[PDB]
Amino acid sequence: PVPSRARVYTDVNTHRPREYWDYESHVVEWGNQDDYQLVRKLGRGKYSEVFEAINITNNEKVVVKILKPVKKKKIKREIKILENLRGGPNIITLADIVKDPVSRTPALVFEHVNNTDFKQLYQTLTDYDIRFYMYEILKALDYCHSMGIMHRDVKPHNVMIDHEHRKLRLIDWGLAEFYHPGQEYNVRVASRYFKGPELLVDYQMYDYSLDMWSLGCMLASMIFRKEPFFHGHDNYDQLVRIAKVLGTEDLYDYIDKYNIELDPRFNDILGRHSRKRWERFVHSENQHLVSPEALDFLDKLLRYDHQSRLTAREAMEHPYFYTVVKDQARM
Ligand SMILES: [Cl-]
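Here PDB author numbering = 1-based position in the sequence shown + 3.
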């Protein structure tokens, strides 16, 4: 299988001192859990439970993510990633790290964030707001990509939004990792529906461009008002749903170019499928959310070859965002 290197931000970690990305060596400076009191539970998941809390020394509202038991190196990874990304635009801001008195697990203290995520609104935004928030998500991905980090779990549930203040934050960096050219990565990342083809075919030498595919899936879901857009019933079917849209021609080309192996009995199931036109998924209901710019943008995101997808910066420069960058910040 042919090796691959990111087209952008290729060597950003290489040009930084090892301390930046060598998270196993990172020495955690713990804060004091006694300075925070938990107010109410906001949610619970595989790896954490999330609480509203208060910094008692100054009454600041914060959000606390208490990690469930996990290998230390993954905890160190998320912490170091979060610390390197502090004050990046639209990325959740880590304010402190404490140990849970009870479980003894690390708990991450974040700037306050609204408890509404980008799945609760985003089947109802205007055309203008979809462009607006899409651009805000792009700032966070360009930023984290520029800092040598792949998020690897982009999806609506991982973007919190405060629509009334038009603020958004990309959250849940528990699956993120540092990009190093030549490194092979776990392909068991992302929710099925936002998994890029490279993950579906077990191609391990992937990069930031994985996030750009997931972003395209969110965009498709929003403008076509279908959630999810690629609704696979298992990992194989996810690729089949994709191939039914992008066609099999470009898929087989992609597999060849990286010398990817495809279980030949899966190939029999995929067969051949025509590349469909995006216009195919337009209906009276979603008409107003679609435009030529939107479809061109979507087309340049949802590409099999990861090397061919728009970079975050290229996407920020796409005509889809031409006007929305002139936003006059009305609340
Ligand atoms: Cl992993």
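By construction, the Cβ of each residue, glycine as well, lies at the ideal position given by its N, Cα and C atoms.
Reducing DSSP to helix, strand and coil, say where residue i ends up.
i: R333; result: coil
i: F300; result: helix
i: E180; result: strand
i: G219; result: helix
i: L173; result: strand
i: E52; result: strand
i: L41; result: strand
i: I164; result: strand
i: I133; result: helix
i: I152; result: strand
i: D271; result: helix
i: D240; result: helix
i: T251; result: helix
i: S194; result: coil
i: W281; result: helix
i: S224; result: helix
i: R21; result: helix
i: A143; result: helix
i: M319; result: helix
i: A9; result: coil
i: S212; result: helix
i: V31; result: coil
i: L265; result: coil
i: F233; result: coil
i: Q126; result: coil
i: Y138; result: helix
i: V328; result: helix
i: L292; result: helix
i: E201; result: helix
i: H309; result: helix
i: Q36; result: helix
Provide the residue(s) that pair with residue i in DSSP beta bridges, ordered along the chain.
i: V157; result: Bridge partners of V157: none, in fact.
i: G46; result: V53
i: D259; result: BP columns for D259 are empty, so no partner.
i: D120; result: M163
Taking the C-alpha atoms as reference points, what is the distance between residue i and residue j?
i: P92; j: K142; result: 6 Å
i: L202; j: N161; result: 19 Å
i: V66; j: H115; result: 5 Å
i: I174; j: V53; result: 12 Å
i: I69; j: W33; result: 14 Å
i: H154; j: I84; result: 10 Å
i: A246; j: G235; result: 11 Å
i: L128; j: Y136; result: 10 Å
i: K75; j: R169; result: 36 Å
i: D130; j: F324; result: 11 Å
i: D253; j: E63; result: 52 Å
i: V11; j: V157; result: 19 Å
i: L171; j: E139; result: 7 Å
i: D266; j: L273; result: 11 Å
i: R80; j: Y211; result: 17 Å
i: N16; j: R107; result: 32 Å
i: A9; j: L144; result: 14 Å
i: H276; j: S194; result: 24 Å
i: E55; j: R43; result: 5 Å
i: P231; j: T60; result: 44 Å
i: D132; j: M334; result: 12 Å
i: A332; j: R134; result: 14 Å
i: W24; j: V30; result: 13 Å
i: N35; j: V105; result: 14 Å
i: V327; j: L88; result: 26 Å
i: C220; j: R19; result: 32 Å
Counting beta carbon pairs with one atom in the stretch 296-305 and one in the stretch 221-239, are three or more of them shorter than 8 Å?
yes
At which residue ranges does the stretch 54-113 contain complete beta strand (DSSP E) runs of 3 or more residues, listed in the order of the chain?
63-70, 97-102
Does the stretch 204-211 come close enough to the stretch 254-270 that 3 or more CB-CB pairs lie under 8 Å?
yes
Tell me, please, whether the stretch 112-129 touches the stretch 84-102 by the rule of three or more beta-carbon pairs shorter than 8 Å.
yes
Counting Cβ pairs, one atom from each stretch, are 3 or more of them under 8 Å apart for the stretch 138-152 and the stretch 314-323?
yes
Please determine if the stretch 278-286 and the stretch 119-133 are in contact, where contact requires at least 3 C-beta pairs separated by less than 8 Å.
In short, these stretches do not touch, since the Cβ pair count stays below three.
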